file coords-v4.txt (compact mmCIF, C-alpha atoms and all ligand atoms)
# COMPACT_ATOMS: atom_id res chain seq x y z
CA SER A 2 91.60 104.68 143.41
CA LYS A 3 93.83 107.76 143.53
CA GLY A 4 95.78 106.65 140.40
CA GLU A 5 92.58 105.95 138.34
CA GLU A 6 91.10 109.25 139.32
CA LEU A 7 94.12 111.14 137.75
CA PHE A 8 93.11 109.97 134.32
CA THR A 9 89.37 110.58 134.04
CA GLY A 10 89.86 113.49 131.64
CA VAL A 11 92.39 115.02 129.28
CA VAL A 12 95.92 115.24 130.84
CA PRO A 13 98.77 117.34 129.41
CA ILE A 14 101.90 115.40 128.58
CA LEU A 15 105.59 116.43 128.30
CA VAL A 16 108.27 114.18 126.87
CA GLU A 17 112.02 114.81 127.13
CA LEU A 18 114.60 112.50 125.65
CA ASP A 19 118.42 112.65 125.71
CA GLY A 20 119.97 110.22 123.28
CA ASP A 21 123.41 108.95 122.23
CA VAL A 22 123.58 106.53 119.37
CA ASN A 23 126.99 105.33 118.15
CA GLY A 24 128.31 108.43 119.98
CA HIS A 25 126.07 110.88 118.13
CA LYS A 26 124.24 112.90 120.76
CA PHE A 27 120.73 114.36 120.30
CA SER A 28 117.74 115.66 122.22
CA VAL A 29 114.00 115.53 121.61
CA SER A 30 111.29 117.48 123.36
CA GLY A 31 107.65 116.54 123.02
CA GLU A 32 104.22 117.71 124.12
CA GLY A 33 100.53 117.06 123.74
CA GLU A 34 97.86 115.30 125.74
CA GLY A 35 96.34 111.94 126.61
CA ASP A 36 92.76 110.87 127.25
CA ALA A 37 92.61 107.41 128.81
CA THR A 38 88.83 107.39 128.62
CA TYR A 39 89.28 106.96 124.83
CA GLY A 40 92.78 105.42 125.04
CA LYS A 41 93.82 108.28 122.80
CA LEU A 42 97.23 110.15 122.63
CA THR A 43 98.24 113.15 120.51
CA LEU A 44 101.87 114.22 120.61
CA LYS A 45 104.36 116.36 118.67
CA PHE A 46 108.12 115.90 119.01
CA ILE A 47 110.92 118.25 117.97
CA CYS A 48 114.50 117.29 117.64
CA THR A 49 116.17 120.31 119.31
CA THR A 50 119.74 119.43 118.22
CA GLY A 51 119.28 119.34 114.38
CA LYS A 52 118.15 116.33 112.36
CA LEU A 53 117.43 113.26 114.44
CA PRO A 54 120.32 110.83 113.82
CA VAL A 55 118.05 107.73 113.75
CA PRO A 56 114.60 107.28 112.02
CA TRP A 57 111.69 108.89 113.89
CA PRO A 58 109.67 105.59 113.85
CA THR A 59 112.45 103.76 115.85
CA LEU A 60 111.70 106.14 118.78
CA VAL A 61 107.85 105.76 118.91
CA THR A 62 107.76 103.10 121.60
CA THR A 63 110.23 105.06 123.71
CA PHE A 64 108.42 108.35 123.66
CA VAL A 68 103.06 106.42 128.46
CA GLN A 69 100.91 103.27 128.69
CA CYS A 70 99.15 104.85 131.66
CA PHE A 71 96.87 106.40 129.01
CA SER A 72 95.67 103.03 127.77
CA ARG A 73 91.96 102.42 127.95
CA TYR A 74 91.46 99.44 130.33
CA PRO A 75 87.90 98.12 129.97
CA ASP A 76 85.90 98.15 133.21
CA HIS A 77 86.17 94.38 133.65
CA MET A 78 90.01 94.73 133.34
CA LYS A 79 90.51 97.59 135.77
CA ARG A 80 92.20 95.41 138.41
CA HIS A 81 95.02 94.74 135.83
CA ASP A 82 96.03 98.37 135.17
CA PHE A 83 99.50 98.49 136.78
CA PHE A 84 100.36 101.79 135.07
CA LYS A 85 97.65 104.04 136.56
CA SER A 86 97.98 102.26 139.98
CA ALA A 87 101.59 103.52 140.32
CA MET A 88 100.53 107.19 139.85
CA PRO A 89 101.08 109.89 140.73
CA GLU A 90 104.54 108.92 142.05
CA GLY A 91 105.05 107.11 138.71
CA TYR A 92 107.14 104.18 137.45
CA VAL A 93 110.49 103.58 135.85
CA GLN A 94 110.28 102.03 132.36
CA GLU A 95 113.40 100.28 130.98
CA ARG A 96 113.83 98.62 127.66
CA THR A 97 116.28 96.80 125.50
CA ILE A 98 115.42 97.24 121.84
CA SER A 99 117.35 94.87 119.60
CA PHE A 100 117.23 95.69 115.86
CA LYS A 101 117.58 92.44 113.91
CA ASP A 102 121.12 92.40 112.27
CA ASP A 103 121.88 95.80 113.62
CA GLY A 104 122.62 97.54 116.97
CA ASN A 105 120.38 98.00 120.03
CA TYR A 106 118.93 100.83 122.19
CA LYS A 107 118.74 100.69 126.00
CA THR A 108 116.33 103.11 127.49
CA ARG A 109 115.50 104.18 131.02
CA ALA A 110 112.57 106.50 131.58
CA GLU A 111 110.68 107.82 134.49
CA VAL A 112 106.93 108.39 133.92
CA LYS A 113 105.29 110.42 136.71
CA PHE A 114 103.18 113.47 137.41
CA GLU A 115 105.09 116.70 138.03
CA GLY A 116 102.20 118.85 139.25
CA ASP A 117 99.43 118.90 136.64
CA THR A 118 101.36 117.25 133.81
CA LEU A 119 102.30 113.66 133.06
CA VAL A 120 105.95 113.71 132.18
CA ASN A 121 108.09 111.04 130.41
CA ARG A 122 111.84 111.68 130.90
CA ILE A 123 114.04 109.25 128.97
CA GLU A 124 117.74 108.54 128.63
CA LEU A 125 118.63 106.46 125.58
CA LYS A 126 121.94 104.89 124.57
CA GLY A 127 122.39 103.11 121.27
CA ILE A 128 125.42 100.95 120.34
CA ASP A 129 126.79 98.76 117.60
CA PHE A 130 124.80 100.26 114.76
CA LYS A 131 125.92 99.86 111.12
CA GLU A 132 127.05 103.15 109.60
CA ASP A 133 124.84 102.66 106.63
CA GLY A 134 122.31 100.13 107.97
CA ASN A 135 118.56 100.86 108.11
CA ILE A 136 118.90 102.95 111.19
CA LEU A 137 121.87 105.36 110.88
CA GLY A 138 121.26 105.37 107.07
CA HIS A 139 117.62 106.33 107.57
CA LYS A 140 116.19 103.53 105.32
CA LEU A 141 112.93 103.02 107.29
CA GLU A 142 109.57 104.22 105.99
CA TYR A 143 107.94 107.09 107.85
CA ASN A 144 104.98 105.00 109.04
CA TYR A 145 103.94 102.57 111.73
CA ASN A 146 101.93 99.37 112.28
CA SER A 147 99.65 98.02 115.01
CA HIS A 148 101.28 95.82 117.71
CA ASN A 149 100.18 93.83 120.66
CA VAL A 150 102.23 94.44 123.89
CA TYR A 151 102.03 91.28 126.00
CA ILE A 152 102.13 92.18 129.70
CA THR A 153 102.95 89.81 132.51
CA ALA A 154 103.37 90.57 136.22
CA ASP A 155 106.89 91.01 137.61
CA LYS A 156 106.01 90.47 141.32
CA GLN A 157 109.62 90.46 142.53
CA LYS A 158 109.96 94.06 141.13
CA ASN A 159 106.40 94.95 142.15
CA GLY A 160 105.78 95.79 138.48
CA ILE A 161 105.37 94.23 135.01
CA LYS A 162 107.50 92.98 132.07
CA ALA A 163 106.50 93.03 128.49
CA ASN A 164 107.85 91.36 125.36
CA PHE A 165 107.00 92.20 121.77
CA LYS A 166 108.51 92.81 118.26
CA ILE A 167 107.98 96.01 116.36
CA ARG A 168 107.67 95.68 112.59
CA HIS A 169 109.48 98.53 110.85
CA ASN A 170 108.72 98.69 107.09
CA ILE A 171 111.88 99.36 105.08
CA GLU A 172 112.09 101.45 101.90
CA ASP A 173 113.26 98.31 99.93
CA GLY A 174 109.83 96.59 100.62
CA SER A 175 111.35 94.40 103.37
CA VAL A 176 110.66 94.59 107.23
CA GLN A 177 113.18 95.33 109.94
CA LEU A 178 112.19 93.74 113.30
CA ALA A 179 112.87 95.63 116.53
CA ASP A 180 112.63 93.16 119.43
CA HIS A 181 111.49 94.90 122.66
CA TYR A 182 112.17 93.64 126.19
CA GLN A 183 110.47 95.85 128.76
CA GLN A 184 110.65 96.07 132.61
CA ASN A 185 108.60 98.50 134.70
CA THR A 186 108.98 99.10 138.47
CA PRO A 187 107.13 101.65 140.59
CA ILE A 188 109.01 104.78 141.79
CA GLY A 189 107.11 104.78 145.19
CA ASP A 190 107.28 102.06 147.87
CA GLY A 191 103.65 101.08 148.23
CA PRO A 192 101.33 98.53 146.63
CA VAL A 193 100.29 98.61 143.06
CA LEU A 194 98.01 96.46 140.90
CA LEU A 195 99.85 93.40 139.60
CA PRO A 196 98.12 92.17 136.52
CA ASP A 197 97.18 88.77 135.11
CA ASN A 198 98.61 88.20 131.64
CA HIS A 199 96.96 90.41 129.04
CA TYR A 200 98.00 92.75 126.24
CA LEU A 201 97.82 96.43 125.13
CA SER A 202 96.67 96.86 121.55
CA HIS A 203 98.70 99.87 120.32
CA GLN A 204 97.89 101.59 116.94
CA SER A 205 99.85 104.62 115.70
CA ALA A 206 99.93 107.01 112.75
CA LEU A 207 102.87 109.34 112.09
CA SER A 208 102.55 112.63 110.18
CA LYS A 209 104.19 116.05 109.80
CA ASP A 210 103.18 119.55 110.65
CA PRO A 211 103.54 121.14 107.23
CA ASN A 212 104.23 124.43 109.07
CA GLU A 213 107.05 123.07 111.22
CA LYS A 214 110.52 123.82 109.90
CA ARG A 215 112.33 121.89 112.62
CA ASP A 216 112.91 118.11 112.30
CA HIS A 217 109.77 116.74 113.97
CA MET A 218 107.16 114.00 114.24
CA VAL A 219 103.42 114.29 114.89
CA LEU A 220 102.11 111.00 116.38
CA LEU A 221 98.52 110.01 117.08
CA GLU A 222 97.95 106.76 118.96
CA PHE A 223 95.09 104.64 120.33
CA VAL A 224 95.89 102.13 123.02
CA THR A 225 93.43 99.68 124.65
CA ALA A 226 93.89 96.72 126.97
CA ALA A 227 92.52 93.28 125.93
CA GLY A 228 93.16 89.52 126.18
CA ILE A 229 91.07 88.81 129.21
CA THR A 230 87.54 87.68 128.13
CL CL B 301 101.54 92.17 117.23
call {"tool": "encode", "arguments": {"input": "coords-v4.txt", "output": "structure tokens"}}
result
Amino acid sequence: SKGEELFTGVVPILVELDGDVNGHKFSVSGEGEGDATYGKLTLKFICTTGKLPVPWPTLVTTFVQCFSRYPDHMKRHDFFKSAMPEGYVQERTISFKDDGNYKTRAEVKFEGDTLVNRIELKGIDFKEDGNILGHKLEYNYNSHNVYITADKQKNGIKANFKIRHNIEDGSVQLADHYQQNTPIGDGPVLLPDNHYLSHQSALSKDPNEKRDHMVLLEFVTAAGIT
């Protein structure tokens, strides 16, 4: 299909995020590339406003599941590529256990030769010295399964999952994610049977980068259908 064909090699990516959490405003720009043949993503993000006012790991899920590797037998379930190049809107509520929540709305779509993810994020009701605004979360990340179900009435998909954020005290902060995707264009897409995306991530730093930043490498593959 047209959408599949857009991803057969390495595709440049651009990420732009405008955030407001507890009324503290911030912006992040990111860039890198995705290779859906390997399910592989490499990305570098810069906070362009100063220090990020929340922990870099709480933004990982927000900052392109179109680059997941769907196995050949699962190719009829790949909603994300089927919506391209016109793209899809990706909304989430992210509820941090005993703390505030983020709401995000992003558009993921090709703008010429580049896959772009443009996000607005608003965060409310955070504790002034909780794990988030206080920056108590470890700079690391765990593997998660993203359970995908069709959302036929929106011609898209929903997903539900909980991110495990390891805290500096040895405890874990859960970040419950509720996700809804809907195509930007009016035509048909692939509506999947229930399955999951296995996402694995590793966060590092560019020891030559003086700006507040995050380097993120990720591998994402679809599974759950035998
Ligand atoms: Cl999981």
call {"tool": "closest_residue", "arguments": {"input": "coords-v4.txt", "among": "A:49, A:198, A:38, A:183", "to": "residue 94 of chain A", "atoms": "only C-alpha atoms"}}
result
A:183
call {"tool": "closest_residue", "arguments": {"input": "coords-v4.txt", "among": "A:99, A:2, A:147, A:28", "to": "ligand CL 301 (chain B)", "atoms": "all atoms listed in the file"}}
result
A:147
call {"tool": "residues_around", "arguments": {"input": "coords-v4.txt", "residues": "residue 91 of chain A", "least_positions_apart": "4", "cutoff": "10 Å", "atoms": "only C-alpha atoms", "output": "list in words"}}
result
residues 4, 70, 84, 85, 86, 87, 111, 112, 113, 114, 115, 119, 120, 121, 186, 187, 188 and 189 of chain A
call {"tool": "closest_atom_pairs", "arguments": {"input": "coords-v4.txt", "of": "chain A", "to": "ligand CL 301 (chain B)", "cutoff": "9 Å", "atoms": "only C-alpha atoms and all ligand atoms", "output": "JSON lines"}}
result
{"residue": "A:146", "atom": "CA", "partner": "B:CL301", "partner_atom": "CL", "distance": 8.7}
{"residue": "A:147", "atom": "CA", "partner": "B:CL301", "partner_atom": "CL", "distance": 6.5}
{"residue": "A:148", "atom": "CA", "partner": "B:CL301", "partner_atom": "CL", "distance": 3.7}
{"residue": "A:149", "atom": "CA", "partner": "B:CL301", "partner_atom": "CL", "distance": 4.0}
{"residue": "A:150", "atom": "CA", "partner": "B:CL301", "partner_atom": "CL", "distance": 7.1}
{"residue": "A:151", "atom": "CA", "partner": "B:CL301", "partner_atom": "CL", "distance": 8.8}
{"residue": "A:165", "atom": "CA", "partner": "B:CL301", "partner_atom": "CL", "distance": 7.1}
{"residue": "A:166", "atom": "CA", "partner": "B:CL301", "partner_atom": "CL", "distance": 7.1}
{"residue": "A:167", "atom": "CA", "partner": "B:CL301", "partner_atom": "CL", "distance": 7.5}
{"residue": "A:168", "atom": "CA", "partner": "B:CL301", "partner_atom": "CL", "distance": 8.5}
{"residue": "A:202", "atom": "CA", "partner": "B:CL301", "partner_atom": "CL", "distance": 8.0}
{"residue": "A:203", "atom": "CA", "partner": "B:CL301", "partner_atom": "CL", "distance": 8.8}
call {"tool": "closest_residue", "arguments": {"input": "coords-v4.txt", "among": "A:218, A:93, A:193, A:29", "to": "residue 108 of chain A", "atoms": "all atoms listed in the file"}}
result
A:93
call {"tool": "atom_distance", "arguments": {"input": "coords-v4.txt", "atom1": "atom CA of residue 125 of chain A", "atom2": "atom CA of residue 15 of chain A"}}
result
16.6 Å
call {"tool": "residues_around", "arguments": {"input": "coords-v4.txt", "residues": "residue 83 of chain A", "least_positions_apart": "4", "cutoff": "12 Å", "atoms": "all atoms listed in the file", "output": "PDB file with C-alpha atoms, in the frame of the given file"}}
result
ATOM      1  CA  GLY A   4      95.780 106.650 140.400  1.00  0.00           C
ATOM      2  CA  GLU A   5      92.580 105.950 138.340  1.00  0.00           C
ATOM      3  CA  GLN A  69     100.910 103.270 128.690  1.00  0.00           C
ATOM      4  CA  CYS A  70      99.150 104.850 131.660  1.00  0.00           C
ATOM      5  CA  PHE A  71      96.870 106.400 129.010  1.00  0.00           C
ATOM      6  CA  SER A  72      95.670 103.030 127.770  1.00  0.00           C
ATOM      7  CA  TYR A  74      91.460  99.440 130.330  1.00  0.00           C
ATOM      8  CA  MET A  78      90.010  94.730 133.340  1.00  0.00           C
ATOM      9  CA  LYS A  79      90.510  97.590 135.770  1.00  0.00           C
ATOM     10  CA  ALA A  87     101.590 103.520 140.320  1.00  0.00           C
ATOM     11  CA  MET A  88     100.530 107.190 139.850  1.00  0.00           C
ATOM     12  CA  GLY A  91     105.050 107.110 138.710  1.00  0.00           C
ATOM     13  CA  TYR A  92     107.140 104.180 137.450  1.00  0.00           C
ATOM     14  CA  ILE A 152     102.130  92.180 129.700  1.00  0.00           C
ATOM     15  CA  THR A 153     102.950  89.810 132.510  1.00  0.00           C
ATOM     16  CA  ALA A 154     103.370  90.570 136.220  1.00  0.00           C
ATOM     17  CA  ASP A 155     106.890  91.010 137.610  1.00  0.00           C
ATOM     18  CA  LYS A 156     106.010  90.470 141.320  1.00  0.00           C
ATOM     19  CA  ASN A 159     106.400  94.950 142.150  1.00  0.00           C
ATOM     20  CA  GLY A 160     105.780  95.790 138.480  1.00  0.00           C
ATOM     21  CA  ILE A 161     105.370  94.230 135.010  1.00  0.00           C
ATOM     22  CA  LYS A 162     107.500  92.980 132.070  1.00  0.00           C
ATOM     23  CA  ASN A 185     108.600  98.500 134.700  1.00  0.00           C
ATOM     24  CA  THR A 186     108.980  99.100 138.470  1.00  0.00           C
ATOM     25  CA  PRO A 187     107.130 101.650 140.590  1.00  0.00           C
ATOM     26  CA  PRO A 192     101.330  98.530 146.630  1.00  0.00           C
ATOM     27  CA  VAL A 193     100.290  98.610 143.060  1.00  0.00           C
ATOM     28  CA  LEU A 194      98.010  96.460 140.900  1.00  0.00           C
ATOM     29  CA  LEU A 195      99.850  93.400 139.600  1.00  0.00           C
ATOM     30  CA  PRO A 196      98.120  92.170 136.520  1.00  0.00           C
ATOM     31  CA  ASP A 197      97.180  88.770 135.110  1.00  0.00           C
ATOM     32  CA  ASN A 198      98.610  88.200 131.640  1.00  0.00           C
ATOM     33  CA  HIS A 199      96.960  90.410 129.040  1.00  0.00           C
ATOM     34  CA  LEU A 201      97.820  96.430 125.130  1.00  0.00           C
ATOM     35  CA  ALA A 226      93.890  96.720 126.970  1.00  0.00           C
TER      36      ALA A 226
END
call {"tool": "atom_distance", "arguments": {"input": "coords-v4.txt", "atom1": "atom CA of residue 54 of chain A", "atom2": "atom CA of residue 33 of chain A"}}
result
23.0 Å
call {"tool": "closest_residue", "arguments": {"input": "coords-v4.txt", "among": "A:48, A:21, A:39, A:56", "to": "residue 75 of chain A", "atoms": "all atoms listed in the file"}}
result
A:39
call {"tool": "residues_around", "arguments": {"input": "coords-v4.txt", "residues": "residue 42 of chain A", "least_positions_apart": "3", "cutoff": "6 Å", "atoms": "all atoms listed in the file", "output": "PyMOL selection string"}}
result
chain A and resi 35+221-222
call {"tool": "write_last_selection", "arguments": {"input": "coords-v4.txt", "atoms": "C-alpha atoms", "output": "PDB file, in the frame of the given file"}}
result
ATOM      1  CA  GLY A  35      96.340 111.940 126.610  1.00  0.00           C
ATOM      2  CA  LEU A 221      98.520 110.010 117.080  1.00  0.00           C
ATOM      3  CA  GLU A 222      97.950 106.760 118.960  1.00  0.00           C
TER       4      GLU A 222
END
call {"tool": "closest_residue", "arguments": {"input": "coords-v4.txt", "among": "A:220, A:109, A:36, A:80", "to": "residue 204 of chain A", "atoms": "all atoms listed in the file"}}
result
A:220
call {"tool": "closest_residue", "arguments": {"input": "coords-v4.txt", "among": "A:182, A:27, A:64, A:145", "to": "residue 170 of chain A", "atoms": "only C-alpha atoms"}}
result
A:145
call {"tool": "decode", "arguments": {"input": "coords-v4.txt", "residues": "segment 193-217 of chain A", "atoms": "N, CA and C atoms", "output": "compact mmCIF listing (two decimals), in the first residue's frame"}}
result
# COMPACT_ATOMS: atom_id res chain seq x y z
N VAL A 193 -8.70 3.01 6.49
CA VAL A 193 -7.42 2.69 7.07
C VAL A 193 -7.52 1.21 7.38
N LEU A 194 -6.44 0.63 7.91
CA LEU A 194 -6.50 -0.71 8.50
C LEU A 194 -6.93 -0.72 9.96
N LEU A 195 -8.05 -1.40 10.27
CA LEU A 195 -8.45 -1.44 11.67
C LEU A 195 -8.04 -2.76 12.26
N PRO A 196 -7.19 -2.70 13.30
CA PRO A 196 -6.58 -3.98 13.68
C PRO A 196 -7.46 -4.92 14.53
N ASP A 197 -7.13 -6.21 14.54
CA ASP A 197 -7.51 -7.05 15.71
C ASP A 197 -6.60 -6.72 16.90
N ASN A 198 -7.01 -7.14 18.09
CA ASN A 198 -6.30 -6.83 19.30
C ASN A 198 -4.88 -7.42 19.22
N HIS A 199 -3.89 -6.59 19.58
CA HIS A 199 -2.53 -7.05 19.56
C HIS A 199 -1.78 -6.06 20.41
N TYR A 200 -0.47 -6.16 20.45
CA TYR A 200 0.31 -5.18 21.23
C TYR A 200 1.58 -4.75 20.49
N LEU A 201 2.14 -3.61 20.91
CA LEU A 201 3.47 -3.14 20.46
C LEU A 201 4.37 -3.38 21.65
N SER A 202 5.45 -4.09 21.42
CA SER A 202 6.50 -4.26 22.46
C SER A 202 7.44 -3.06 22.30
N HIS A 203 7.49 -2.15 23.27
CA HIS A 203 8.37 -0.98 23.14
C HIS A 203 9.54 -1.18 24.15
N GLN A 204 10.78 -0.92 23.73
CA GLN A 204 11.96 -0.98 24.61
C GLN A 204 12.77 0.30 24.31
N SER A 205 13.30 0.91 25.37
CA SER A 205 13.88 2.25 25.26
C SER A 205 15.13 2.31 26.15
N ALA A 206 16.10 3.12 25.73
CA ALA A 206 17.24 3.40 26.56
C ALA A 206 17.59 4.89 26.40
N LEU A 207 17.74 5.56 27.53
CA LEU A 207 17.93 7.02 27.55
C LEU A 207 19.38 7.31 27.88
N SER A 208 20.01 8.24 27.18
CA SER A 208 21.41 8.60 27.48
C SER A 208 21.60 10.11 27.24
N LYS A 209 22.86 10.55 27.32
CA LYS A 209 23.17 11.96 27.16
C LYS A 209 24.25 12.03 26.13
N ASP A 210 24.29 13.17 25.47
CA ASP A 210 25.35 13.53 24.55
C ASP A 210 26.41 14.28 25.37
N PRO A 211 27.57 13.64 25.67
CA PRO A 211 28.39 14.32 26.68
C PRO A 211 28.94 15.64 26.14
N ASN A 212 28.74 15.91 24.85
CA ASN A 212 29.07 17.20 24.24
C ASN A 212 27.93 18.21 24.08
N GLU A 213 26.79 17.92 24.72
CA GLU A 213 25.64 18.78 24.56
C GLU A 213 25.49 19.55 25.86
N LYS A 214 25.48 20.88 25.75
CA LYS A 214 25.48 21.71 26.96
C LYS A 214 24.06 22.11 27.29
N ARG A 215 23.16 21.97 26.32
CA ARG A 215 21.73 22.25 26.58
C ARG A 215 21.09 21.08 27.34
N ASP A 216 20.02 21.34 28.09
CA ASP A 216 19.23 20.24 28.69
C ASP A 216 18.65 19.39 27.55
N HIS A 217 18.94 18.08 27.59
CA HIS A 217 18.63 17.22 26.43
C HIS A 217 18.44 15.75 26.83
